Every structure is written in C-alpha cells, then in structure tokens.
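[1] 3D, please:
(2 chains)
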Amino acid sequence: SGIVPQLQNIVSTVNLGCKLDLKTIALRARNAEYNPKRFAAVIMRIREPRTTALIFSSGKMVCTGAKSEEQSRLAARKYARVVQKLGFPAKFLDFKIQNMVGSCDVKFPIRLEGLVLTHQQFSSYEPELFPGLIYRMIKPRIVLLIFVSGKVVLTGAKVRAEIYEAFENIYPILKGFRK
DNA sequence: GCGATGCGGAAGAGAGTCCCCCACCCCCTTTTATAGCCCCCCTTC
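    Numbers count the residues shown, from 1 in each chain, chains lettered A, B, ... in the order given. Shown next is the protein structure:
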C-alpha cells in the first residue's frame, strides 16, 4: 500500500501498588488538578513527553497522549516518580497499553455510500450522527473512522501490529470505492 | 308483680319479561485523529 498509519494517541494504565492521598498530591504536585465534585481522580500533565495522566486513590494510574509505546512507558514512569517523590511508595507494576489511536490519509476521496452497501455487516454510516463512516473490523478488533476526504482514523488497538494490520485490510476495500 | 308470644304491616330481596429500598449500568473525566453541524459572540454596514 505504501502508507503506514502514524499513532496519534496511546492510552496505558499502570498500577503503583499503593494507596494514595489525592488531596495531598494536588497540593504538592506541580501540575496536578483535583476536583472531586467533577472527577474522582487527579489529573496531571508533563510537557516534555506531552502526555496527561490520571491518578486515583487506589494507586492505579492511566497515561494518555503518548505518541509511541516508548513515550507512554517513559511518561508513565515519570508520573510515578513524581508521586514517589512526594513520599508515597509508588512503583511500576503491570504496566500495559490499553488503547492506540492512529491516523492516516489514503490520498483520494472515498464513496462512503458505496462502502456501507458492500460492507453493511461491518460498516455504520449515519450522516445525521457523525459525518464519518464507522467500520468495525472483526479479525483485528479495530474500529476505523473513514471519511469522504480520505482521512482514516484507527483506534482500539492494543499493539502497533493491529494498527498496521487493520489498515492493510481496509486499504484494498477503500481502493474499490475510490471517488 | 313478672314475664312470654303470634300476627299484621313494613321492608327488602328475587325472579320474570403510594412511596420507598435494592441491584445494575452509564457518565462524570482525560488523551487523540477525523469532519459536518451548530451555538455564541463578534463584526460589518
């Protein structure tokens, strides 16, 4: 195909293995914001990795915004150290990547009306609700947002192989509905 | 003094022609790409 999707966002969850005091973290953490009325977690941001992480009292933390697997793990470790630097016994346990978001362009307009007809079992095109066709691939459990402009967004992948594999499967299908 | 009762008359049926408590699930939130749609404020004259 000659086109490789580029990851736009990765969601990874890591357990620190120790209960944390959310109020204490907000007071001392540099960028943390805690609003129990709004959300029950502590939202923190670190610019150099350019990622955002949510910290819960149970010790589990979710890291989002990383553009690569290495960045997500590095960003998650940095957040854990910040909590550890606050006097808590934070660790890096069962780090896992929960979601990978990738985007790409096929460089040609797509006839979404034709695509849904031939793939009604997997496609879902509702212009009233969303201007982009939602494709649910089965062999890889990846949900693809195909747009008339040609932009394709892949999400729900656990590994980078699924993102590339999913695009390889849909690209020939899109080529058959080129506008 | 101290009770006790049958019959006529009236009545009446009966037939014919809401508020609370206890699971279970969804959304609150964050990140990102995509794009049409639409609110809101601004600006124009």
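
[2] Establish whether stretch A:86-104 and DNA strand B are in contact.
    Yes. Residues of stretch A:86-104 contacting DNA strand B under C-beta under 7 Å from any atom of the strand: A:99, A:101, A:103. In short, each C-beta sits where N, CA and C put it, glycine included.

[3] what about the last one, neighbour count?
    In this case it means residue A:103. Per other C-beta atoms under 10 Å, the neighbour tally for residue A:103 reads 16.

[4] So it is in contact with residue A:152, correct?
    Yes. Contact criterion C-beta atoms under 8 Å: residue A:103 and residue A:152 qualify, at 7.1 Å.

[5] Could you pull out the residues contacting both of the two?
    Shared contacts of residue A:103 and residue A:152, defined by C-beta atoms under 8 Å, 6 or more residues apart in numbering, are found at residue A:5.

[6] any idea which helix or strand carries residue A:136?
    strand A:133-137 (DSSP states H and E).

[7] Kindly apply the preceding question to residue A:174 instead.
    helix A:160-175.

[8] Within its sheet, name the partner strands of the longest strand anywhere in chain A and how each one runs.
    In chain A, with assignment by DSSP state E, the single longest strand is strand A:93-105. When pairs are called by DSSP bridges, strand A:93-105 turns out to pair with strand A:6-15 (antiparallel), strand A:151-157 (antiparallel).

[9] winner for burial among the ones you listed?
    strand A:151-157 (a mean of 21; mean count of other C-beta atoms under 10 Å).

[10] What helix or strand is residue A:24 located in?
    With DSSP H and E as the criterion, residue A:24 is inside helix A:22-28.
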